[PDB]
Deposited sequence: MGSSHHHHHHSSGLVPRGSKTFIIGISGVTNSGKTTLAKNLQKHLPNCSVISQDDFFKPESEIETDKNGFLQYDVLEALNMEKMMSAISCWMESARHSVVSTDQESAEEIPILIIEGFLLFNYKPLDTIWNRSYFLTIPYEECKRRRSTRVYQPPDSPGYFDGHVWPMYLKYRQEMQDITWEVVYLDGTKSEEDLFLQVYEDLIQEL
């Protein structure tokens, strides 16, 4: 209400460079906010474990999506007071969350190969840390569950090659946005 806004969704597999891209875009766009799905995970004490003892982090049940939706709604409610306000929402599980389907003005999806994804993942320390065999046992399977949930999407998603440099990825989205 009350002003035009421009909302960008950036999703992709874990470690595809979503957070870096969002931050880089925010540095070079005016009146630009970023909401990161990474901020809305439940604490470890509230995460489930599956039949094989893997913590269930890579599914929407691991996140406080009411709290994230609240932050997104609040951004929208307050946008007119800042004056086109831009919101980038970035996260590994966005395009399977139906309440967001109609909000996007642009949707980007970062893809990288499994080998490169696994490589990057091993360079990270999460809290809690990835348990042994977590990536093949939980992360990649859940990522494939996501991609197939995404088969029902009716809007246009722009697939981006996340093996491009951080600067190429920025530039590619930037060029798209000013068009």
TODO: Where the model has no C-alpha, note the corresponding stretch of the deposited sequence, numbering from 1.
DONE: 1-16, 100-109, 206-207
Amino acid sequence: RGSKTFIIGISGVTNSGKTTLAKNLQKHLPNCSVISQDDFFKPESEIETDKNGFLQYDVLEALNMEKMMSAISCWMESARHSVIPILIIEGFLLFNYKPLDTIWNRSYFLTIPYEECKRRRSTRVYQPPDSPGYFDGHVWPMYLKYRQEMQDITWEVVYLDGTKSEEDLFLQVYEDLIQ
From here on, numbers count along this sequence of modelled residues.
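Each form is matched to the other, and the largest set of C-alpha atoms that superpose within 1.5 Å is called the rigid core.
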TODO: Overlaying the structures in 6 other deposited structures of this protein on the rigid core, point out which of 35-43 and 134-142 has the bigger RMS C-alpha shift.
DONE: 35-43
Open item on the list: Core-aligned, RMS over all structures and residues: is 148-156 or 106-114 the stretch with the greater C-alpha displacement in 6 other deposited structures of this protein?
Closed with: 148-156
Task: Entry-level comparison of average CA B-factors, 47-55 and 27-35, reporting the higher stretch - done: 47-55
Task: Assigned third (lowest, middle, highest) for the C-alpha B factor of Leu93 - done: lowest
Task: Chain third (lowest, middle, highest) by recorded CA B-factor, residue given as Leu100 - done: middle
Task: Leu177 - Cα temperature factor, lowest/middle/highest third of chain - done: highest
Open item on the list: Quick check for you: using the entry's CA B-factors within this chain, is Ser165 in the lowest, middle or highest third?
Closed with: highest
Open item on the list: Split into thirds by Cα B-factor across the chain's modelled residues, where does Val158 land: lowest, middle or highest?
Closed with: middle
